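Working notes for the structure below.
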Amino acid sequence: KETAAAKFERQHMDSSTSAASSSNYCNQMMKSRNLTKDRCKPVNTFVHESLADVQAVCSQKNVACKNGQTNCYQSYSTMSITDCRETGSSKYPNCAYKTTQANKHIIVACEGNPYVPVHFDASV
(Lines give C-alpha, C1' and ligand atoms only; values in the text may rest on other atoms or scores of the structure.)
Protein backbone atom coordinates (compact mmCIF):
# COMPACT_ATOMS: atom_id res chain seq x y z
CA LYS A 1 0.00 0.00 0.00
CA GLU A 2 0.96 3.63 -0.43
CA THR A 3 3.72 4.71 1.93
CA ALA A 4 3.12 7.58 4.34
CA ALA A 5 5.85 9.58 2.55
CA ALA A 6 4.17 9.00 -0.80
CA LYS A 7 0.75 9.95 0.62
CA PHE A 8 2.30 13.21 1.87
CA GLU A 9 3.54 14.03 -1.61
CA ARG A 10 0.20 13.20 -3.22
CA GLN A 11 -1.83 15.14 -0.65
CA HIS A 12 0.41 18.12 -0.06
CA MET A 13 3.04 18.84 -2.72
CA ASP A 14 2.54 20.94 -5.83
CA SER A 15 5.97 21.67 -7.29
CA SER A 16 4.30 22.21 -10.69
CA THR A 17 2.88 25.65 -9.89
CA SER A 18 4.16 28.71 -8.02
CA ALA A 19 0.82 29.57 -6.36
CA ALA A 20 -2.87 28.97 -6.97
CA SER A 21 -3.83 30.55 -10.27
CA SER A 22 -7.59 30.82 -9.76
CA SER A 23 -10.44 30.25 -7.35
CA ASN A 24 -10.86 26.79 -8.87
CA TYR A 25 -7.38 25.56 -7.87
CA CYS A 26 -8.58 23.66 -4.84
CA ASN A 27 -11.64 22.21 -6.56
CA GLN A 28 -9.42 20.86 -9.33
CA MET A 29 -6.48 19.70 -7.18
CA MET A 30 -8.53 18.10 -4.45
CA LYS A 31 -10.23 16.04 -7.17
CA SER A 32 -7.06 15.26 -9.20
CA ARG A 33 -5.12 14.08 -6.13
CA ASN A 34 -8.05 11.78 -5.20
CA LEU A 35 -8.85 13.65 -2.01
CA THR A 36 -12.54 13.76 -2.86
CA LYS A 37 -12.92 10.19 -4.13
CA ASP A 38 -14.49 8.56 -1.07
CA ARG A 39 -15.55 11.64 0.93
CA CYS A 40 -14.83 15.35 0.78
CA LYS A 41 -11.63 15.84 2.76
CA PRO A 42 -12.52 18.93 4.77
CA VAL A 43 -9.22 20.85 4.78
CA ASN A 44 -5.94 20.40 2.95
CA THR A 45 -2.81 22.45 2.24
CA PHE A 46 -0.69 22.33 -0.90
CA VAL A 47 2.95 23.52 -0.90
CA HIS A 48 4.31 25.24 -4.01
CA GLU A 49 7.98 24.43 -3.49
CA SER A 50 10.46 21.83 -4.64
CA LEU A 51 10.18 18.47 -3.00
CA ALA A 52 13.75 18.66 -1.68
CA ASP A 53 13.02 22.01 0.01
CA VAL A 54 10.01 20.53 1.79
CA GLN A 55 11.83 17.29 2.73
CA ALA A 56 14.63 19.48 4.18
CA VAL A 57 12.17 20.78 6.82
CA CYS A 58 12.77 17.45 8.62
CA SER A 59 16.18 18.82 9.63
CA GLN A 60 14.90 22.29 10.63
CA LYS A 61 13.25 23.50 13.89
CA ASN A 62 11.84 20.65 15.97
CA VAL A 63 8.45 21.34 17.56
CA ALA A 64 5.72 19.14 18.99
CA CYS A 65 2.87 18.41 16.60
CA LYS A 66 -0.74 19.38 17.37
CA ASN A 67 -1.34 15.82 18.62
CA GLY A 68 1.69 16.00 20.92
CA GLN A 69 4.10 13.88 18.88
CA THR A 70 7.67 15.11 19.02
CA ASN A 71 8.61 14.41 15.40
CA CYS A 72 7.27 17.69 13.96
CA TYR A 73 9.45 20.39 12.43
CA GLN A 74 8.81 24.01 11.43
CA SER A 75 10.43 25.43 8.31
CA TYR A 76 12.93 28.22 8.91
CA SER A 77 11.60 30.00 5.87
CA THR A 78 8.15 30.92 4.63
CA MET A 79 6.85 28.94 1.67
CA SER A 80 4.19 29.53 -0.97
CA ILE A 81 1.13 27.52 0.07
CA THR A 82 -2.52 27.17 -0.85
CA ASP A 83 -5.08 26.53 1.85
CA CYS A 84 -8.11 24.54 0.73
CA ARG A 85 -11.20 24.20 2.91
CA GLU A 86 -14.75 23.18 2.11
CA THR A 87 -17.27 25.83 1.13
CA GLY A 88 -20.67 25.78 2.78
CA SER A 89 -22.15 24.25 -0.38
CA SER A 90 -19.70 21.33 -0.57
CA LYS A 91 -21.68 18.09 -0.67
CA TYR A 92 -20.27 14.74 -1.78
CA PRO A 93 -19.63 13.83 -4.58
CA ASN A 94 -19.65 17.54 -5.54
CA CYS A 95 -16.97 18.53 -3.12
CA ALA A 96 -16.21 22.26 -3.20
CA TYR A 97 -13.46 24.37 -1.71
CA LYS A 98 -12.35 27.90 -0.99
CA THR A 99 -8.83 28.54 -2.32
CA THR A 100 -6.67 30.88 -0.22
CA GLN A 101 -3.14 31.89 -1.26
CA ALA A 102 -0.56 32.47 1.48
CA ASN A 103 3.15 32.64 2.31
CA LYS A 104 3.65 30.84 5.63
CA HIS A 105 6.01 28.57 7.48
CA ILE A 106 5.00 24.92 7.39
CA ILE A 107 5.04 22.30 10.15
CA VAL A 108 5.36 18.67 9.11
CA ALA A 109 5.84 15.33 10.89
CA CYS A 110 8.78 13.23 9.71
CA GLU A 111 9.64 9.52 9.80
CA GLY A 112 11.90 6.98 8.21
CA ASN A 113 15.34 6.60 6.69
CA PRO A 114 15.57 8.79 4.67
CA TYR A 115 13.85 10.98 7.25
CA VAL A 116 11.04 12.63 5.28
CA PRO A 117 7.60 14.21 5.77
CA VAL A 118 4.69 11.91 6.40
CA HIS A 119 2.04 14.39 7.61
CA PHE A 120 1.22 18.07 7.12
CA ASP A 121 0.50 19.56 10.54
CA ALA A 122 0.00 23.33 10.09
CA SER A 123 0.81 26.55 8.23
CA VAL A 124 2.06 29.24 10.74
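Residue numbers start at 1 in each chain; chains themselves are named A, B, ... in the order of the C-alpha coordinates; ligands are numbered from 1 in the order shown.
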
What lies within 12 Å of residue 90 of chain A using only C-alpha atoms, ignoring chain neighbours under 4 positions off, as a PyMOL selection string? chain A and resi 27+36+39-43+85-86+94-98

Those residues with N, CA and C atoms, as a short mmCIF file (atom, residue, chain, number, x, y, z; two decimals), in the first residue's frame please?
```cif
data_model
loop_
_atom_site.label_atom_id
_atom_site.label_comp_id
_atom_site.auth_asym_id
_atom_site.auth_seq_id
_atom_site.Cartn_x
_atom_site.Cartn_y
_atom_site.Cartn_z
N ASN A 27 -10.68 23.14 -6.01
CA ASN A 27 -11.64 22.21 -6.56
C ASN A 27 -10.97 21.20 -7.48
N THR A 36 -11.10 13.68 -2.88
CA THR A 36 -12.54 13.76 -2.86
C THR A 36 -13.19 12.47 -3.28
N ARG A 39 -14.90 10.64 0.09
CA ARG A 39 -15.55 11.64 0.93
C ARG A 39 -14.86 12.96 0.63
N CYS A 40 -15.49 14.08 1.00
CA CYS A 40 -14.83 15.35 0.78
C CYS A 40 -13.85 15.63 1.91
N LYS A 41 -12.53 15.52 1.64
CA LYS A 41 -11.63 15.84 2.76
C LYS A 41 -11.85 17.29 3.16
N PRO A 42 -12.02 17.58 4.46
CA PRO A 42 -12.52 18.93 4.77
C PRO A 42 -11.53 20.08 4.64
N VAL A 43 -10.25 19.82 4.88
CA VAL A 43 -9.22 20.85 4.78
C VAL A 43 -7.97 20.19 4.24
N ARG A 85 -10.25 24.65 1.90
CA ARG A 85 -11.20 24.20 2.91
C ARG A 85 -12.61 24.24 2.30
N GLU A 86 -13.44 23.33 2.73
CA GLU A 86 -14.75 23.18 2.11
C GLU A 86 -15.54 24.48 2.18
N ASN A 94 -19.97 16.21 -5.05
CA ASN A 94 -19.65 17.54 -5.54
C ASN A 94 -18.97 18.33 -4.44
N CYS A 95 -17.78 17.89 -4.10
CA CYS A 95 -16.97 18.53 -3.12
C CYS A 95 -16.48 19.87 -3.64
N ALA A 96 -16.48 20.92 -2.81
CA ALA A 96 -16.21 22.26 -3.20
C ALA A 96 -15.41 22.98 -2.12
N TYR A 97 -14.48 23.81 -2.57
CA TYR A 97 -13.46 24.37 -1.71
C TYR A 97 -13.24 25.83 -2.01
N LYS A 98 -12.91 26.56 -0.94
CA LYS A 98 -12.35 27.90 -0.99
C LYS A 98 -10.82 27.79 -1.09
#
```

I need the strand (DSSP E) residues of segment 28-80 of chain A per DSSP on the backbone, written as number ranges by chain. A: 43-47, 61-63, 72-74, 79-80

Neighbouring residues of residue 112 of chain A were defined as those with any atom within 12 Å, considering only C-alpha atoms; residues of the same chain fewer than 2 positions away were excluded. Please report them as a PyMOL selection string. chain A and resi 3-5+55+58+71+109-110+114-118

Would you list the contacts of residue 66 of chain A as a PyMOL selection string, taking every protein, DNA or RNA residue within 9 Å and counting only C-alpha atoms, but skipping same-chain residues closer than 5 positions in sequence? chain A and resi 72+121-122

Please, could you write that set of residues out with C-alpha atoms as a PDB file, in the first residue's frame?
```pdb
ATOM      1  CA  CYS A  72       7.275  17.689  13.957  1.00  0.00           C
ATOM      2  CA  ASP A 121       0.497  19.565  10.538  1.00  0.00           C
ATOM      3  CA  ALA A 122       0.005  23.331  10.087  1.00  0.00           C
TER       4      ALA A 122
END
```

When you look at residue 38 of chain A with a cut-off of 9 Å (counting only C-alpha atoms), what residues show up, excluding the ones that are within fewer than 3 positions of it in the same chain? I need them as a ChimeraX atom specification. /A:34-35,41,92-93

Can I get the selection written as a JSON list (two decimals), in the first residue's frame, with N, CA and C atoms?
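Final output, out-v6.json:
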```json
[["chain", "number", "residue", "atom", "x", "y", "z"],
["A", 34, "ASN", "N", -7.20, 12.83, -5.74],
["A", 34, "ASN", "CA", -8.05, 11.78, -5.20],
["A", 34, "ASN", "C", -8.44, 12.01, -3.75],
["A", 35, "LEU", "N", -8.48, 13.29, -3.37],
["A", 35, "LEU", "CA", -8.85, 13.65, -2.01],
["A", 35, "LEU", "C", -10.34, 13.81, -1.84],
["A", 41, "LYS", "N", -12.53, 15.52, 1.64],
["A", 41, "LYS", "CA", -11.63, 15.84, 2.76],
["A", 41, "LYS", "C", -11.85, 17.29, 3.16],
["A", 92, "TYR", "N", -20.74, 15.90, -1.02],
["A", 92, "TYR", "CA", -20.27, 14.74, -1.78],
["A", 92, "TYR", "C", -21.32, 14.27, -2.77],
["A", 93, "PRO", "N", -20.95, 13.89, -4.00],
["A", 93, "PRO", "CA", -19.63, 13.83, -4.58],
["A", 93, "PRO", "C", -19.11, 15.15, -5.15]]
```

Using only C-alpha atoms, which protein or nucleic acid residues come within 8 Å of residue 120 of chain A? Drop anything in the same chain fewer than 4 positions from it, and give the result as a PyMOL selection string. chain A and resi 8+12+45+106-109

Taking the DSSP secondary structure from the backbone, can you list the residues of chain A that are helix (DSSP H, G or I), as a PDB file with N, CA and C atoms, in the first residue's frame?
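This is the output file part.pdb:
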```
ATOM      1  N   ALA A   4       3.527   6.292   3.765  1.00  0.00           N
ATOM      2  CA  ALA A   4       3.124   7.583   4.344  1.00  0.00           C
ATOM      3  C   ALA A   4       3.860   8.721   3.641  1.00  0.00           C
ATOM      4  N   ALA A   5       5.125   8.543   3.265  1.00  0.00           N
ATOM      5  CA  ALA A   5       5.852   9.583   2.545  1.00  0.00           C
ATOM      6  C   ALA A   5       5.203   9.872   1.213  1.00  0.00           C
ATOM      7  N   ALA A   6       4.781   8.815   0.502  1.00  0.00           N
ATOM      8  CA  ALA A   6       4.165   9.001  -0.804  1.00  0.00           C
ATOM      9  C   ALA A   6       2.787   9.670  -0.647  1.00  0.00           C
ATOM     10  N   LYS A   7       2.053   9.297   0.374  1.00  0.00           N
ATOM     11  CA  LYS A   7       0.755   9.948   0.619  1.00  0.00           C
ATOM     12  C   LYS A   7       0.967  11.427   0.908  1.00  0.00           C
ATOM     13  N   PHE A   8       2.022  11.804   1.654  1.00  0.00           N
ATOM     14  CA  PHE A   8       2.299  13.214   1.872  1.00  0.00           C
ATOM     15  C   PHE A   8       2.501  13.929   0.574  1.00  0.00           C
ATOM     16  N   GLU A   9       3.318  13.361  -0.350  1.00  0.00           N
ATOM     17  CA  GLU A   9       3.536  14.026  -1.613  1.00  0.00           C
ATOM     18  C   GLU A   9       2.246  14.205  -2.406  1.00  0.00           C
ATOM     19  N   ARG A  10       1.429  13.150  -2.457  1.00  0.00           N
ATOM     20  CA  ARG A  10       0.204  13.200  -3.219  1.00  0.00           C
ATOM     21  C   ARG A  10      -0.773  14.220  -2.616  1.00  0.00           C
ATOM     22  N   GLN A  11      -0.880  14.240  -1.287  1.00  0.00           N
ATOM     23  CA  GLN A  11      -1.830  15.140  -0.648  1.00  0.00           C
ATOM     24  C   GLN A  11      -1.362  16.592  -0.587  1.00  0.00           C
ATOM     25  N   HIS A  12      -0.038  16.827  -0.486  1.00  0.00           N
ATOM     26  CA  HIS A  12       0.406  18.125  -0.062  1.00  0.00           C
ATOM     27  C   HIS A  12       1.432  18.838  -0.923  1.00  0.00           C
ATOM     28  N   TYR A  25      -8.563  26.419  -8.128  1.00  0.00           N
ATOM     29  CA  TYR A  25      -7.377  25.564  -7.873  1.00  0.00           C
ATOM     30  C   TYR A  25      -7.722  24.412  -6.949  1.00  0.00           C
ATOM     31  N   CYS A  26      -8.298  24.719  -5.771  1.00  0.00           N
ATOM     32  CA  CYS A  26      -8.580  23.659  -4.841  1.00  0.00           C
ATOM     33  C   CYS A  26      -9.582  22.649  -5.395  1.00  0.00           C
ATOM     34  N   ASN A  27     -10.679  23.143  -6.009  1.00  0.00           N
ATOM     35  CA  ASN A  27     -11.637  22.208  -6.556  1.00  0.00           C
ATOM     36  C   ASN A  27     -10.968  21.203  -7.482  1.00  0.00           C
ATOM     37  N   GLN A  28     -10.085  21.704  -8.359  1.00  0.00           N
ATOM     38  CA  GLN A  28      -9.423  20.857  -9.335  1.00  0.00           C
ATOM     39  C   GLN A  28      -8.402  19.917  -8.669  1.00  0.00           C
ATOM     40  N   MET A  29      -7.569  20.474  -7.786  1.00  0.00           N
ATOM     41  CA  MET A  29      -6.477  19.703  -7.180  1.00  0.00           C
ATOM     42  C   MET A  29      -6.967  18.688  -6.172  1.00  0.00           C
ATOM     43  N   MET A  30      -7.979  19.053  -5.360  1.00  0.00           N
ATOM     44  CA  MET A  30      -8.530  18.095  -4.453  1.00  0.00           C
ATOM     45  C   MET A  30      -9.089  16.884  -5.194  1.00  0.00           C
ATOM     46  N   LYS A  31      -9.707  17.145  -6.352  1.00  0.00           N
ATOM     47  CA  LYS A  31     -10.226  16.039  -7.166  1.00  0.00           C
ATOM     48  C   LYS A  31      -9.067  15.255  -7.795  1.00  0.00           C
ATOM     49  N   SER A  32      -8.123  15.924  -8.441  1.00  0.00           N
ATOM     50  CA  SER A  32      -7.064  15.263  -9.199  1.00  0.00           C
ATOM     51  C   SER A  32      -6.155  14.398  -8.328  1.00  0.00           C
ATOM     52  N   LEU A  51      10.246  19.533  -3.956  1.00  0.00           N
ATOM     53  CA  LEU A  51      10.178  18.472  -3.005  1.00  0.00           C
ATOM     54  C   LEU A  51      11.364  18.479  -2.035  1.00  0.00           C
ATOM     55  N   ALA A  52      12.581  18.670  -2.556  1.00  0.00           N
ATOM     56  CA  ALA A  52      13.749  18.659  -1.679  1.00  0.00           C
ATOM     57  C   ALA A  52      13.662  19.769  -0.620  1.00  0.00           C
ATOM     58  N   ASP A  53      13.138  20.932  -0.985  1.00  0.00           N
ATOM     59  CA  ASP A  53      13.023  22.014   0.006  1.00  0.00           C
ATOM     60  C   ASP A  53      12.056  21.675   1.102  1.00  0.00           C
ATOM     61  N   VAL A  54      10.981  20.946   0.777  1.00  0.00           N
ATOM     62  CA  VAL A  54      10.014  20.535   1.792  1.00  0.00           C
ATOM     63  C   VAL A  54      10.587  19.369   2.642  1.00  0.00           C
ATOM     64  N   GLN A  55      11.222  18.388   1.984  1.00  0.00           N
ATOM     65  CA  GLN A  55      11.828  17.291   2.731  1.00  0.00           C
ATOM     66  C   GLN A  55      12.899  17.825   3.715  1.00  0.00           C
ATOM     67  N   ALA A  56      13.585  18.902   3.333  1.00  0.00           N
ATOM     68  CA  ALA A  56      14.626  19.484   4.177  1.00  0.00           C
ATOM     69  C   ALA A  56      14.046  20.010   5.496  1.00  0.00           C
ATOM     70  N   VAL A  57      12.753  20.266   5.575  1.00  0.00           N
ATOM     71  CA  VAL A  57      12.165  20.776   6.822  1.00  0.00           C
ATOM     72  C   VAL A  57      12.386  19.767   7.956  1.00  0.00           C
ATOM     73  N   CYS A  58      12.523  18.464   7.634  1.00  0.00           N
ATOM     74  CA  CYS A  58      12.770  17.454   8.623  1.00  0.00           C
ATOM     75  C   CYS A  58      14.104  17.609   9.370  1.00  0.00           C
ATOM     76  N   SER A  59      14.971  18.484   8.883  1.00  0.00           N
ATOM     77  CA  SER A  59      16.181  18.819   9.626  1.00  0.00           C
ATOM     78  C   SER A  59      16.206  20.286  10.089  1.00  0.00           C
TER      79      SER A  59
END
```

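Using only C-alpha atoms, the shortest contact distance between residue 60 of chain A and any of A:77, A:111, A:2, A:44 is found at A:77.
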
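Across the model, the gap from atom CA of residue 119 of chain A to atom CA of residue 22 of chain A is 25.8 Å.
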
Would you kindly return, as an NGL selection string, each protein, DNA or RNA residue with an atom no farther than 6 Å from any atom of residue 14 of chain A, considering only C-alpha atoms and excluding same-chain residues fewer than 2 positions away? :A and (16 or 47-48)

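Distances to residue 17 of chain A were evaluated for A:87, A:80, A:62, A:99 using only C-alpha atoms, and the minimum falls at A:80.
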